[PDB]
Asks: 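My structure is below; once you've seen it, I'll send some questions.
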Amino acid sequence: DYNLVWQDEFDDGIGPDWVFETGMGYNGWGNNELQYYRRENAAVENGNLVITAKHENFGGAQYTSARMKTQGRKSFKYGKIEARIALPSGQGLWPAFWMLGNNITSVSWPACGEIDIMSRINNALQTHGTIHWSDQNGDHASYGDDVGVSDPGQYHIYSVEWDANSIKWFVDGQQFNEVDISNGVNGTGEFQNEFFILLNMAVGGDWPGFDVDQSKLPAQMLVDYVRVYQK
Ligand SMILES: [Ca+2]
Ligand SMILES: [Cl-]
Ligand SMILES: [Mg+2]
């Protein structure tokens with residue numbers, strides 16, 4: 001049986017387990033992204049975390065947004081990891097709810113492993129669920145799928161169920177992807193370690209492309225809560 005082990009409900013403020021990232025990382029957070037992250041772009045309104053992407057000139061970038069992680073504060077080995085999220089739509093927008101291995105600090109990416117619980121680009125009427133890792137040959141590996149979401153601007157539940165043998169993805173309880181990780185098959189051993197959680201909204205990058213509909217800015221990603229259950 002799944003029992004609640006951690007949550008952030010965003011009742012009146014951002015909880016104690018989040019660290020905010022700033023700037024453009026290395027080569028636009030490794031994806032040629034166009035936003036400069038700032039603390040100012042994350043706030044709480046009416047029981048939701050609000051991450052706002054803005055058309056705003058700052059530090060050589062023309063967009064600002066927020067990126068938050070639980071690294072060094074909260075991490076999990078296995079569980080049902082989920083969030084209740086409403087998404088804005090617009091060419092260039094790239095929201096995500098995801099996880100990275102704690103060992104990123106020693107083995108780097110993608111060897112640390114990455115679980116993308118939800119990602120979306122532009123105005124797509126679908127969302128994605130993906131893993132990234134370093135396979136048995138030491139090569140960058142990825143495995144993903146997508147599911148139709150009629151109105152991503154409404155709230156939906158995005159989750160993964162992760163155990164020693166598999167990762168399963170769901171939107172509103174509907175499974176749309178599964179990966180076998182049992183005994184570290186296909187060099188997936190890295191998914192047997194602790195992972196921390198991230199939330200962000202990028203603007204532009206390799207995946208969504210470099211055209212941005214600035215008439216959709218400021219754009220708000222609404223996160224009602226993040227919850228983690230374990231059995
Ligand atoms: Ca809430
Ligand atoms: Cl569990
Ligand atoms: Mg709704």
Side-chain angles (χ1 to χ4, degrees), residues 10 14 18-46 48-69 83-100 109-110 114-132 140 142 144-156 158 169 171 176 197-224 226:
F10 303 111
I14 298 179
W18 300 97
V19 171
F20 297 86
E21 290 179 290
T22 64
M24 304 185 78
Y26 180 68
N27 293 147
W29 294 95
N31 292 105
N32 298 309
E33 294 163 21
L34 312 171
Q35 78 298 327
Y36 186 112
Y37 288 129
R38 307 197 67 214
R39 171 66 182 84
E40 193 174 59
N41 294 68
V44 162
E45 296 185 69
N46 304 315
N48 289 262
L49 169 67
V50 183
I51 292 172
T52 305
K54 301 176 191 184
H55 178 200
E56 173 193 356
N57 296 319
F58 193 88
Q62 80 183 303
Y63 310 104
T64 57
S65 190
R67 174 167 163 155
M68 299 161 65
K69 63 184 178 176
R84 179 166 187 273
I85 303 175
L87 297 173
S89 292
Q91 197 59 213
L93 297 174
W94 183 16
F97 167 41
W98 53 304
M99 307 182 79
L100 284 164
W109 182 97
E114 178 183 338
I115 307 172
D116 302 319
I117 303 173
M118 178 286 297
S119 63
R120 183 194 181 211
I121 56 163
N122 305 325
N123 294 297
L125 294 181
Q126 54 191 9
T127 60
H128 298 252
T130 323
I131 52 161
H132 295 91
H140 289 30
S142 77
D145 212 332
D146 54 17
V147 61
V149 176
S150 310
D151 191 348
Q154 294 167 359
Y155 286 97
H156 296 274
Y158 298 98
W169 289 257
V171 172
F176 70 93
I197 295 167
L198 304 96
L199 285 166
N200 70 285
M201 186 159 52
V203 182
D206 299 329
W207 187 21
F210 305 102
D211 301 336
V212 178
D213 179 359
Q214 306 176 338
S215 77
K216 299 302 183 180
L217 304 174
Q220 296 181 328
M221 169 183 184
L222 306 182
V223 184
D224 185 9
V226 178

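Worth knowing before you read on, the calculation uses all heavy atoms, side chains too, and leaves out hydrogens, waters and symmetry mates. Throughout, residue positions are numbered sequentially from 1 according to the sequence presented.
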Asks: Applying ring-ring contact (aromatic ring centres under 6.0 Å, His included) between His128 and each of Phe176, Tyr158, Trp207, report the one that passes.
Replies: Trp207

Asks: Using only atom types and a distance under 3.5 Å, with no angle test, would you say the side chain of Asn48 pairs donor to acceptor with the backbone of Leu222?
Replies: no

Asks: Hey, does the side chain of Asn123 reach the backbone of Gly90 with a donor-acceptor pair shorter than 3.5 angstrom?
Replies: yes

Asks: Okay, side chain of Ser119, backbone of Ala96: is any donor-acceptor separation there less than 3.5 Å?
Replies: no

Asks: Picking from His132, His140, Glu114, what satisfies side chain to side chain donor-acceptor pair (under 3.5 Å) with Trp109?
Replies: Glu114

Asks: Only one of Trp98, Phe97, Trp169 clears side-chain contact (heavy atoms from CB on, under 4.5 Å) with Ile115; which?
Replies: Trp169

Asks: Going by side-chain contact (heavy atoms from CB on, under 4.5 Å), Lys54 matches just one of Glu40, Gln62, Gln35. Which one?
Replies: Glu40

Asks: So, for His156 and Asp151, which heavy atoms are closest and what is the spacing to 0.1 Å?
Replies: NE2-O, 2.8 Å

Asks: Can you classify the ring geometry of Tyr63 versus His55 as parallel (below 30°), tilted (30 to 60°) or perpendicular (above 60°)?
Replies: tilted

Asks: For the backbone of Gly23 and the side chain of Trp29, can you confirm whether one donor and one acceptor N or O come within less than 3.5 Å of each other?
Replies: yes

Asks: Kindly indicate whether a cation-pi arrangement holds for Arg67 with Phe20, taking the cut-offs as under 6.0 Å to the six-membered ring centre and within 45° of the axis.
Replies: no

Asks: Tell me if a side-chain donor or acceptor on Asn122 pairs with a main-chain N or O of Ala124 at a distance below 3.5 Å.
Replies: no

